[PDB]
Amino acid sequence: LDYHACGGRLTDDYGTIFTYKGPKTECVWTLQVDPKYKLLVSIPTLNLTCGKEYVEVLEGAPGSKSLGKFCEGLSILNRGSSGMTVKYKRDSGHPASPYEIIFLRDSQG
């Protein structure tokens, strides 16, 4: 399903997170999946205002190991486990740029 809220614990086989347009400057989405499977996170063609905003991928819950922070990138692909979090942050006074993050339960059948 499609998500437009500022963060939350999402459980979905195929989810697409879109730009949250509300007043909060930081949103953190924790992705859950049946632990028997791994999560595939895809952030294709990212184009944010470097310096004013970024998307950060964490190994687990907030405070866990940060895998990377980015504002641009043709393709960023990650495979993680349930509990993995995607975080978006922007500076006050900077309107959020359009983004789209895709998470999928990685399976072949």
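Numbering starts at 1 and runs along the sequence shown.
As the entry records it, the average C-alpha temperature factor is higher for 87 to 95, out of 87 to 95 and 11 to 19. The PDB entry assigns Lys36 a C-alpha temperature factor belonging to the highest third of its chain's modelled residues. Residue-level temperature factors show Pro62 in the highest third of its chain, judged at the C-alpha atom.
In the PDB entry, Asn47 places in the highest third of its chain by CA B-factor. Split the chain's modelled residues into thirds by C-alpha temperature factor. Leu77 is in the lowest one.
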